[PDB]
Amino acid sequence: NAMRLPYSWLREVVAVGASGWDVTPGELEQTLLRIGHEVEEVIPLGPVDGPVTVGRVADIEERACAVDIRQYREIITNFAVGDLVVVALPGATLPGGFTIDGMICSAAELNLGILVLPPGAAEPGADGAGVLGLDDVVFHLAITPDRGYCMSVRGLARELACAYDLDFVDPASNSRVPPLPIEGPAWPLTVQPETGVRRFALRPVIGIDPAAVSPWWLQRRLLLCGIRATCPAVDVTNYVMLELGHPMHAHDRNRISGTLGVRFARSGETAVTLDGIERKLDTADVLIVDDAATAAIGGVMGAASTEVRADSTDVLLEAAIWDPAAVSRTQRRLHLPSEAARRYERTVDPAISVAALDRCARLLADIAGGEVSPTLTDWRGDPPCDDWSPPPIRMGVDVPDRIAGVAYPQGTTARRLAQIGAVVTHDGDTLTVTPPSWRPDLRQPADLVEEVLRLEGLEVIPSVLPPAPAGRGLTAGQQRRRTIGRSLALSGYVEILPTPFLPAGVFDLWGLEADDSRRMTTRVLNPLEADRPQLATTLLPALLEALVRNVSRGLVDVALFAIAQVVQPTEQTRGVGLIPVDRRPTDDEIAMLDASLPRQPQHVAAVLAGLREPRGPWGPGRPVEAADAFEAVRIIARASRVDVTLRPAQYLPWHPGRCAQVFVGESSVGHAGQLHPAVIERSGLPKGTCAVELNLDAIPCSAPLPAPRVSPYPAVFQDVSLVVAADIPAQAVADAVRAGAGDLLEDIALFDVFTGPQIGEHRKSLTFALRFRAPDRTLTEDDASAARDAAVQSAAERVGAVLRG
Amino acid sequence: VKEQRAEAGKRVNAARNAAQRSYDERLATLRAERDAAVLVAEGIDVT
RNA sequence: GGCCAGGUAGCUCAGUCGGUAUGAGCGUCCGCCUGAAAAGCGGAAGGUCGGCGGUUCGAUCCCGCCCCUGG
Ligand SMILES: [Mg+2]
Ligand SMILES: [Mg+2]
């Protein structure tokens, strides 16, 4: 999308209509930025100083060289006797700091592009700074795809004429290119109308001198634009393509067999380009073919069959307009970023096809000693078209004012739209705007609004805050993710941003089964690393990766968490057909598009390793254990304002004896605990690594409205010791005691877990602290003991508890 | 240490591959018991 | 894709055209030491030298393709 030109050439085209126009290169870049042209880089040429002049070599010694600089010196690849060269004698400076009986400079050493000036470029001894034009400044521009007309000096000079409100003289006009005589056809021509070609012009130039080279001003402009100049007939086709934006190609007229045909490639043909390589063709590709071989790939690349060489004496230039889409799909497959293809895919002004041809035929004969044949073949569709203008656009006169929010002076819209080349008529308060042929991007009133606003300047648009709409703030879920993040950080967890790309076979490290639901992932066609193309079904691999980085760098006591969504496909990656953009998709089409996507729920996860409690004057600290992962669950559950229940469970990569499945009501919401030791060793993780992962979408949103009533009466404190099998969870006993104790039970806490031979084998004694309180009376000890006995009975029936005797 | 004398009499790679294969077997054998004993070890009260 | 310098221990990096990477600094472990530490001194652990193949009794080093960084 780049476009490079020197300032001298651009200023020249602008100076034709506005004589004396000259601006500072910084101002030019600033003005180009203000109207919407990204100035990538501003390159000044050179600079040289001191004895750097031109000269002609006189003798060759196979390498010594005799160059006449009013003097005569001798200096020690691609030059013959009599050629003008650039000489740098030991004197002052040279671009790059390298101080130079001298040196024959090259285009790269002069900070310009060895370099051989064409015969007659200058007189031996002339100051090389002026001969090469080192006071010039080359501009590197990034052209957006909507402004293909700016891929030329014509488009950029017109843009500057609009910005500076200057008189502009189109270099493609009839006064700068006078029509050449049309006394008959130039070559037999046929075109399949289904190929998408809009125009095809042909004009020949007979008897060109093969020993003629391009003048210096033409070669210098081609090089400053990034195109190597070889010979005229191809130098003029590139020069005209750069000046007017119409790509041009020259054929060898004596190398065309029979009539010229433009049609689609039938099956898998091939063609050898100017470079020299056979390229596979598609059945939807447009080409110019003769009765012998293929002449060129339609608007992409020319072929060596008809390409001009150093023996060409008759040239036949072809000014054509190809389908932008056909050239786009063709240039991308063959890796051909051709200057012609890059402009054709971004549209080319079809009205200047013959004008650009007449400029090519005349300029070639003027420098190569040829004759312009007064013959032209100009195919313009069926029927032959004569008006290449886009359709007219109706728009209210104050529509740009409304969209800009500025009351522009009257006639601003009409003046600006006429400046960019559009025909504007008035009908009451409604304009009818017909864009010029080189502006196919102008299709809707919005396109016209941008033209007015960017030319007036977006800086004149005032900053007016819109009124605040009566919003509802954060959703319940969004508030929950904040509270969960705040609570985990305050509890000693450090948040990370998890990557959605799974490590190389991470599930194989976890030892997951082949039918594990986590293994059903969504894959990526072009990943950054070929061994990590799978998307994340769980947040743990990303957290465990960030844990390894911290531990491997000296931070061995870590606790990280992450609140992000995952990816869980329920089938093979299915695609949805294209729905027309010109209308709103029905709600049934929307639901069809959602079902073809993975579920992607919001998850919270955490990993822990090393010391959970740091050491200090209090003591030596506590290493991470499974209970710390369960406490993270209770931290998340308290932040979510829900109650969770943990049950023992087996679920890789967790340790089956140190793993809890988390439940909200009856719905499973995730797992927590210590990781399997084999998984730890096979992953390089620290020993005893613990982990949590919850599905926040499976946890329902809750906003309870408690109505506490504080009883002013005293409480009764009691403790109960219950013996249960070792496998009975302590929370189960607590729930059974609560269910039996009734409404008098105000609080219950476990403070003792005792094993030993006093208790049976594989049994345990649990002592709970109980607090009873009535809302309307003081209790007797018998009142509390009655509630305690009912709790003991409930624990006997629910978990088989036995009162400690 | 000639191509001779540097061949037979230096091909103790079979002795190293046999000593390795005895280690690779015991490594997979002992890893299987550890993974098995983990499934039968006494769990914790996760509540 | 082209052309290229690289990928070597936990971190940052040297070094080798066939049997030792005598790998370095720091990180990890043990001892002397301290109430317990650290330094210091002494003694150890740990690398499939980028993957997959090719040649040899034997390849980080030689051949081919490929993964990712400077290009
Ligand atoms: Mg626009
Ligand atoms: Mg020590």
Side-chain angles (χ1 to χ4, degrees), chain A residues 1-2 41 108 226 273-280 282 297 300-301 328 330-331 333-338 341-342 494 496 499-509 521 523-535 541-560 607-611 613-624 675 677-689, chain B residues 1-9 12-15 17-19 22-24 26-31:
Chain A
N1 74 331
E41 155 140 32
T273 67
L274 267 76
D275 155 273
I277 168 107
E278 265 185 71
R279 324 247 193 178
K280 189 150 181 349
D282 194 287
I297 297 156
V300 180
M301 200 37 215
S328 184
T330 303
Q331 78 97 254
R333 152 177 55 207
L334 326 166
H335 275 56
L336 284 168
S338 193
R342 273 177 12 215
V494 175
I496 73 149
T499 182
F501 299 157
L502 284 184
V506 51
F507 299 148
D508 295 339
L509 277 58
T521 75
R523 311 267 225 285
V524 168
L525 248 177
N526 44 323
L528 307 147
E529 300 182 270
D531 40 18
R532 301 176 59 156
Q534 315 206 28
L535 280 208
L543 273 158
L544 289 177
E545 173 136 29
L547 180 76
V548 168
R549 169 182 289 286
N550 281 285
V551 173
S552 77
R553 294 179 181 287
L555 304 128
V556 308
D557 310 305
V558 235
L560 321 163
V607 300
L608 307 96
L611 285 173
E613 296 174 51
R615 65 167 169 181
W618 44 81
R622 189 175 53 73
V624 165
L675 290 186
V679 176
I680 278 153
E681 153 211 44
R682 284 197 315 262
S683 308
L685 293 163
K687 278 193 218 181
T689 300
Chain B
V1 91
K2 265 234 192 192
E3 52 198 41
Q4 182 217 282
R5 169 216 52 173
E7 247 190 53
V12 276
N13 310 88
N17 279 38
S22 285
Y23 160 79
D24 297 69
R26 202 62 203 281
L27 182 50
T29 295
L30 241 183
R31 216 179 281 194

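Reckoned from all heavy atoms, side chains included, excluding hydrogens, waters and symmetry mates. Each chain gets a letter, A, B and so on, in the order the sequences are listed, and its residues count up from 1.
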[X] [atom1] - [N] [atom2] separation (whole Å):
X: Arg532(A); N: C67(C); atom1: CZ; atom2: P; value: 17 Å
X: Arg682(A); N: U48(C); atom1: CZ; atom2: P; value: 17 Å
X: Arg615(A); N: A38(C); atom1: CZ; atom2: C1'; value: 10 Å
X: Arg553(A); N: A9(C); atom1: CZ; atom2: P; value: 13 Å
X: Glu3(B); N: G58(C); atom1: CD; atom2: P; value: 15 Å
X: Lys2(B); N: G58(C); atom1: NZ; atom2: P; value: 21 Å
X: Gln4(B); N: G58(C); atom1: CD; atom2: P; value: 18 Å

Among the nucleotides [options], which one has an atom lying closest to any side-chain atom of [X]?
X: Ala530(A); options: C57(C), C67(C), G10(C); value: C67(C)
X: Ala6(B); options: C67(C), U12(C), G19(C); value: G19(C)
X: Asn13(B); options: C68(C), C57(C), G10(C); value: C57(C)
X: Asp531(A); options: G10(C), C67(C), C57(C); value: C67(C)

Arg549(A) atom CZ, neighbour heavy-atom count above 12 within 6.0 Å:
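At most 12 heavy atoms, drawn from other residues, nucleotides or ligands, come within 6.0 Å of this atom.
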Would you mind building the protein contact string for nucleotides 24-30 of chain C? One character per nucleotide, 5' to 3', B for base within reach (heavy atoms under 4.0 Å), S for sugar-phosphate only, - for untouched.
-------
For the nucleotides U56(C) and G46(C), report whether a Watson-Crick or G-U wobble pair is present, with both relevant distances below 3.5 Å.
no
Would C17(C) and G53(C) count as a Watson-Crick or G-U wobble pair, both distances under 3.5 angstrom?
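Between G53(C) and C17(C) there is no Watson-Crick or G-U pair with both distances under 3.5 Å.
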Could you tell me which nucleotide pairs with [N] by Watson-Crick or G-U wobble geometry, both distances under 3.5 Å, or answer none if nothing does?
N: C4(C); result: none
N: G42(C); result: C30(C)
N: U20(C); result: none

Expressed in whole Å, how much space separates the [atom1] atoms belonging to [N] and [M]?
N: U16(C); M: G6(C); atom1: P; value: 12 Å
N: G40(C); M: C33(C); atom1: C1'; value: 10 Å
N: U20(C); M: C4(C); atom1: P; value: 34 Å

For the atom pair CG (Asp557(A)) and CG (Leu608(A)), what is the distance rounded to the nearest 0.5 Å?
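Interatomic distance, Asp557(A) CG to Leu608(A) CG, rounded to 0.5 Å: 11.0 Å.
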Using side chain to side chain contact (heavy atoms under 4.5 Å, CB included) as the criterion, list what pairs up with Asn550(A), not counting sequence neighbours.
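Counting only residues at least two positions away or on another chain, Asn550(A) forms a side chain to side chain contact (heavy atoms under 4.5 Å, CB included) with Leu555(A), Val558(A), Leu560(A).
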